[PDB]
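If you want the building blocks of each chain, they are given just below.
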Amino acid sequence: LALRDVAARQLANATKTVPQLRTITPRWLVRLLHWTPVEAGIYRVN
Amino acid sequence: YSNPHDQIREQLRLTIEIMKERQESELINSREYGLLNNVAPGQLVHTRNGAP
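Residues numbered from 1 in each chain as written, not as in the entry; some residues may be left out. Chains lettered and ligands numbered in written order. Part of a larger assembly, values for the part shown. Heavy atoms only, no water.

This entry, as listed in the PDB, derives from cryo-EM and reports a resolution of 2.9 Å.

Asks: Is there a simple way to think about the overall build of chain A in this case?
Replies: A count of helices and strands for chain A gives 2 helices and 0 strands. The principal-axis extent of the C-alpha atoms belonging to chain A is close to 85 × 20 × 15 Å. In chain A, which comprises 46 residues, the proportion classed as buried is 2%. Taken as a whole, chain A presents about 5,600 Å² of accessible surface, with 59% of it coming from carbon and sulfur. (Helix = DSSP H or I, 4+ residues; strand = E, 2+ residues; numbered from the N terminus. Buried < 20%, exposed > 50% of the residue type's maximum accessible area, 1.4 Å probe, protein only. Areas by Shrake-Rupley, 256 points an atom, 1.4 Å probe, with all protein chains shown as cover.)

Asks: Where do I start with the environment of B:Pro4 in this structure?
Replies: When you line up the elements, B:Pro4 lands in the segment before α1 (7–29). Taking C-alpha positions, B:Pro4 is 58 Å from B:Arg48, a pair spaced 44 residues apart along the chain.

Asks: It is not clear to me how the environment of B:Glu17 should be interpreted in this structure. Could you clarify?
Replies: Residue and element names in this part refer to chain B. For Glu-17, the position within the fold is in helix α1. Classification of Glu-17 by relative accessible area gives partly exposed; the value is 41%. Sequence separation between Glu-17 and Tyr-1 is 16 residues; the distance between their C-alpha atoms is 22 Å.

Asks: Would you mind going over the pattern of salt bridges with me for this structure?
Replies: Proximity of charged atoms lets side chains of opposite charge pair with each other. Residues and elements named next belong to chain B. Within the structure shown, the criterion is met by 3 salt bridges over all chains. One salt bridge connects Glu-10 with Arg-9, and the closest N-O pair in it is separated by 2.4 Å. Among the residues examined, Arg-9 registers a relative accessible area of 39% and is labelled partly exposed. Its salt-bridge partner being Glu-26, residue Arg-22 comes within 3.7 Å of it at the nearest N-O pair. Of the two residues, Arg-22 and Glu-26 both sit in helix α1, 4 residues apart, roughly one turn of that helix. Residue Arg-22 is classed as exposed on the basis of its relative accessible area of 52%. We classify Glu-26 as partly exposed; its relative accessible area is 22%. Several salt bridges converge on common partners, so that one network encompasses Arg-9, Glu-10 and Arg-13. (Salt bridge = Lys/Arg side-chain N within 4 Å of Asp/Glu carboxyl O.)

Asks: Where do I start with a nonpolar patch on the surface in this structure?
Replies: Residues and elements named next belong to chain B. Taken together, the side chains of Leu-27, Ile-28, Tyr-33, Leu-35 and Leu-36 make up a nonpolar region of the molecular surface, amounting to roughly 510 Å² of accessible area. In this structure, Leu-36 sits in the segment after α1. By relative accessible area, which is 60% here, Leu-36 ends up exposed. (Patch = residues over 30% accessible without salt bridge, like charges linked within 9 Å, V, L, I, M, F, W, Y side chains within 5 Å.)

Encoded structure:
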């Protein structure tokens, strides 16, 4: 009988990932539009 | 809405103007300090006819 796997695993680091969110979408529309800046929050289209 | 005038800057500017008006009023009229309350007896004159 030798050292076990769980007992040996008590001395090991796990690789932890950042939390995964399944509702993330590629959001293509935001990538496809052209964005113009509005200096003070008002945009008049003549 | 901070272009071309900063909104916080103007808000604080008008606040400080009102506060300094109140400060002058208290320099004249406060009950703790204030010129009209800290005038010694004998330093108070009265008009003779009412008009200055």
